[PDB]
Each structure stands twice: as structure tokens, then as C-alpha cells.
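Protein chains in written order, with the entry's author numbering: chain C, 160 to 212; chain X, 107 to 159.
Written out as C-alpha cells, the structure is:
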């Protein structure tokens, strides 16, 4: 864990993390929220890319 | 060939051509990781024949 966010009202949960060229930088995004179901998705940025799900 | 046999026996050899008609259908797979899946088998049945040919 390098960054945790409280989700914003602009509907982008943006977090800044180090990156490097030529590596499948996998990231697990867990959403734990009171009022609805907690869910876990995952992505991979390979080099620099916007990973949005 | 136009063998125009008037006064002249005019021998022309006009080539003409025809292209066959083929159809190509494509199918795509994606998920909740937003990454295109490899290895998935997708089967096309021609179901306009009245069975799963």
C-alpha cells in the first residue's frame, strides 16, 4: 500500500505512484464503502497508461 | 473476345474479370479488467441454415 484515497465528487479516484518503462505494473483496487457492497477489481498498467475500470 | 467479323476480321482480346463475394465476421471479448482476452474459443454457427451448421 503506497496510496489510499477517500473518493471524490468528480468521480475520479486519482492516486500518484512511481512507474518504470516495460513492466506489467499490476494494481489491485479494493472498494470498501458503507451503504453498498464492497468489491475488488484489478488492473495492469504496462508502461504508462490510464487504467480505469 | 471481339471477333468483329465485318469487312475486317478484327480480333480483340478484351479481358474482363470478377471478384468473388466472401463475408468476414469478427467477435471480441473484454472483461472487467478492460484488457482483451487471449485464448478464448469463440464458435460461429451459421444459424440461417435451420440448424447449428
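Ideal Cβ placement from N, Cα and C applies to all residues, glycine included.
Taking 9 Å as the cut-off between beta carbons, none of the residues of the segment 186-199 of chain C comes near chain X. Ranked by how close their Cα comes to the Cα of residue 149 of chain X, the residues X/136, X/109, X/131 have X/131 in first place. Interface annotation, residue 178 of chain C: not in contact with chain X, CB-CB separation never under 8 Å. Cα atoms of residue 212 of chain C and residue 120 of chain X: separation of roughly 60 Å, rounded to the nearest angstrom. Under the rule that a run must span 3 or more residues, the beta strand (DSSP E) segments found entirely inside the segment 164-205 of chain C read 183-190, 198-205. Residues of chain C with a Cβ closer than 8 Å to the Cβ of residue 140 of chain X are, in chain order, 202, 210, 211, 212.
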